[PDB]
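Novice: Using only what follows, build the 3D model:
(4 chains, ligands or ions: 2)
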Amino acid sequence: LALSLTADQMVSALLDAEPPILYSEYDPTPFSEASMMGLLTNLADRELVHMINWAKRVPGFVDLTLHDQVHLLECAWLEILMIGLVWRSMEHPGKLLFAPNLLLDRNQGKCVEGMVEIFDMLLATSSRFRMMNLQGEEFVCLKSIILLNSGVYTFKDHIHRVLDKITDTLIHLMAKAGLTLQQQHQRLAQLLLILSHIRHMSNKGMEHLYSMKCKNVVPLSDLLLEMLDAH
Amino acid sequence: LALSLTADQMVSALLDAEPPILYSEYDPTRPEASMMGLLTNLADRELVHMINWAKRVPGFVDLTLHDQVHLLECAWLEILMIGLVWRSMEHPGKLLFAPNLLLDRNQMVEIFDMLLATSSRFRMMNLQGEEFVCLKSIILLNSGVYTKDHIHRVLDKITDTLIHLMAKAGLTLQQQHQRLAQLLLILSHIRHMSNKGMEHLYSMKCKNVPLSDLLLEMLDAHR
Amino acid sequence: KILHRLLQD
Amino acid sequence: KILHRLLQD
Ligand SMILES: Cc1ccccc1N=C(c1ccc(O)cc1)c1ccc(O)cc1
Ligand SMILES: Cc1ccccc1N=C(c1ccc(O)cc1)c1ccc(O)cc1
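Specialist: Numbers count the residues shown, from 1 in each chain, chains lettered A, B, ... in the order given. Ligands and ions are numbered 1, 2, ... in the order given. Here you go:
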């Protein structure tokens, strides 16, 4: 069903499926460790609901069984959040746009133990996107790739064929922007190599959330708990 | 210095720079912390060959010593693992750590399973040795590049190399770009296995199982 | 799982 | 650093 689509049809399907940019609490009160992580946890909890609806609107995802859908989301949910974050932070150099009313820098991350390392990695990825002039049509392809790829080897042939389709879509976007044959496969490679760091950031971030759960009180959502327990 | 290389010259340089396949101290006489001891010893000796291998990777010598240290500290386990799954490619359901150390999941099980899945993925794609050495070189230069712009220029040269290989294999332009993508997406899973593996090693030193002194330096590099 | 319900709704 | 030594020569 997803394989019959053109590259243009693939783009339009992903763009229209884009989740909304949510907001944080509007209290403008110097953050503390618990208060900052609380806002992020609350924000991440609400974003997951829209991610799931986004995932089902990603071409080929409904063709997967319920359990296979669960696995892919459980493995990639933080990567998908982070790539969303760095994409929103793209036009804000040296800052992280978690929410439109929640724009943070690494100085604020210093008040949370170990947050700076992850902050610096996110800021580095964002500035990399900005240097590459990452377009929105490329972004939605990359994020879709993460969803279908990250958990594909910890179980599928249907997924690989959809992954091939997204690749065709990426090349089609680059050829549309007037890139040469050489510049196309070079940019394609550059984009996909960043997915390795997103994985790394997610893994390092997953440990942090695990230790935060053991330290009790930044109350984790029981949805987040199930997503976290999967790792 | 190394940007004036053709695709075939790139392949030849990488191929001839390949490290040897070392052996373990495995003795079928002896009877499971023994396994990790053998793996720790094996990895310790492989690191020495990897360091000299990285020197022969085009562009790596051009980088400063401080940058060379960082890239290796971040990607050493990735390179060891991709080497493992490549050697185990012709051995379905088994991990060939050393020619005399062939292991299945029965004899950490999920780390093994992930390595086994990667190897079967390579076998399905029929990964060529020319494509493998490119991938291993990409990992070295890419894994720690985000902690001039010379490294990216070299990465693009390796990308041109991969495409040139797939073109000679008879793949269509579309087939080249798809295969290129498939190979690079595996590097995401390789990073994953490295991170999980690194965490396992982190808890092993605290439990004591005895780690090498070089390995302890590589391990503390991930804090 | 809560994830099961959300994927079905 | 052992890595630094071995990388030098
Ligand atoms: C910045 C950061 C550091 C460590 C772990 C996750 C992490 N990402 C954030 C995050 C990232 C992106 C986003 O859109 C929303 C939240 C996070 C924080 C707390 C949670 O319980 C879940 C996600
Ligand atoms: C199989 C595995 C599990 C967990 C961590 C590393 C790991 N890889 C192995 C390994 C992997 C590849 C290789 O060529 C040699 C050793 C390992 C085991 C113990 C060490 O102290 C260092 C490396």
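
Novice: thought residue A:57 was touching residue A:12?
Specialist: No. Contact between residue A:57 and residue A:12 fails when scored by Cβ atoms under 8 Å: they sit 11.6 Å apart. C-beta: built from backbone N, CA, C; applies to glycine.

Novice: now the helices: where do they sit in chain A?
Specialist: Remark: helices assigned in chain A by DSSP state H are A:7-16, A:33-56, A:66-88, A:106-109, A:115-132, A:136-149, A:157-176, A:181-214, A:222-229.

Novice: Residue 8: neighbouring residues, count only.
Specialist: Defaulting to chain A. Neighbourhood size, residue A:8 [other Cβ atoms under 10 Å in any protein chain shown]: 13.

Novice: my question was about chain C
Specialist: Residue C:8: 10 surrounding residues under other Cβ under 10 Å.

Novice: again with residue A:28
Specialist: With neighbours defined by other Cβ under 10 Å, the count for residue A:28 comes to 6.

Novice: ok, it - contacts?
Specialist: Residues counted as contacts of residue A:28 (Cβ atoms under 8 Å, 6 or more residues apart in numbering or on different chains): none.

Novice: Now do the contacts for the spatially most central residue of chain A.
Specialist: Closest to where the C-alpha atoms of chain A average out (Cα atoms, centre = their mean) is residue A:80, at 2.1 Å. Residue A:80 makes contact with A:51, A:143, A:146, A:147, according to Cβ under 8 Å, 6+ apart.

Novice: Can you give me the distance of residue A:64 to residue A:181?
Specialist: Using Cβ to Cβ, to the nearest Å, we find residue A:64 at a distance of 34 Å from residue A:181.

Novice: Name the residue in those two with the higher neighbour count.
Specialist: Per other Cβ under 10 Å, whichever of residue A:64 and residue A:181 has more neighbours is residue A:64, with 19 against 14.

Novice: for the more buried one, phi and psi?
Specialist: Backbone torsions of residue A:64, given as degrees, to the nearest 10, read phi -80, psi 150.

Novice: Surely it is in contact with residue A:158?
Specialist: Yes. Counting by Cβ under 8 Å, residue A:64 does reach residue A:158; the two are 7.0 Å apart.

Novice: and the residue of chain C found nearest chain D, what helix or strand is that in?
Specialist: Here chain C gets closest to chain D at one residue, residue C:3, 42.7 Å apart by Cβ to the nearest Cβ. For residue C:3, the host element (DSSP states H and E) is helix C:2-8.

Novice: Now tell me what touches that helix from outside.
Specialist: With Cβ under 8 Å, 6+ apart, helix C:2-8 has contacts from A:49, A:52, A:55-56, A:66, A:69-70, A:73-74, A:222-223, A:226-227.

Novice: any idea how far ligand 1 is from the residue nearest to the centre of chain A?
Specialist: The spacing between residue A:80 and ligand 1, counted by Cβ to the nearest ligand atom, to the nearest Å, is 9 Å.

Novice: ok, and the closest non-adjacent residue to residue A:136?
Specialist: Nearest residue to residue A:136, sequence neighbours excluded (Cβ to Cβ, 6 or more residues apart in numbering or on different chains): residue A:15, at 7.2 Å.

Novice: and if you look at residue A:68?
Specialist: residue A:156 (6.8 Å).

Novice: Residue A:191 now?
Specialist: Per Cβ to Cβ, 6+ apart, closest to residue A:191 is residue A:142, 6.0 Å.

Novice: now do residue A:195
Specialist: Nearest residue to residue A:195, sequence neighbours excluded (Cβ to Cβ, 6+ apart): residue B:188, at 5.1 Å.

Novice: gap between stretch A:109-117 and the chain center?
Specialist: Distance of stretch A:109-117 from its chain centroid, counting by Cα atoms, centre = their mean, to the nearest Å, is 20 Å.

Novice: Buried ones in that stretch, by neighbour count?
Specialist: Across stretch A:109-117, burial judged by 16 or more other Cβ atoms under 10 Å in any protein chain shown covers A:109, A:112, A:115, A:117.

Novice: Residues in contact with it: which ones?
Specialist: A:31, A:32, A:33, A:36, A:37, A:106, A:118, A:119, A:204, A:208, B:223.

Novice: Span of it from start to end?
Specialist: Length of stretch A:109-117, first residue to last, Cα to Cα, to the nearest Å: 9 Å.

Novice: now residue A:9: how far from residue B:70?
Specialist: Distance from residue A:9 to residue B:70, by Cβ to Cβ: 44 Å.

Novice: what's the answer for residue A:61, then?
Specialist: In terms of Cβ to Cβ, residue A:61 sits 38 Å off from residue B:70.

Novice: number of nearby residues for residue 2?
Specialist: Using chain A. Neighbours of residue A:2 using other Cβ under 10 Å come to 18.

Novice: that's the wrong chain, I meant chain C
Specialist: By other Cβ under 10 Å, neighbour count at residue C:2 equals 15.
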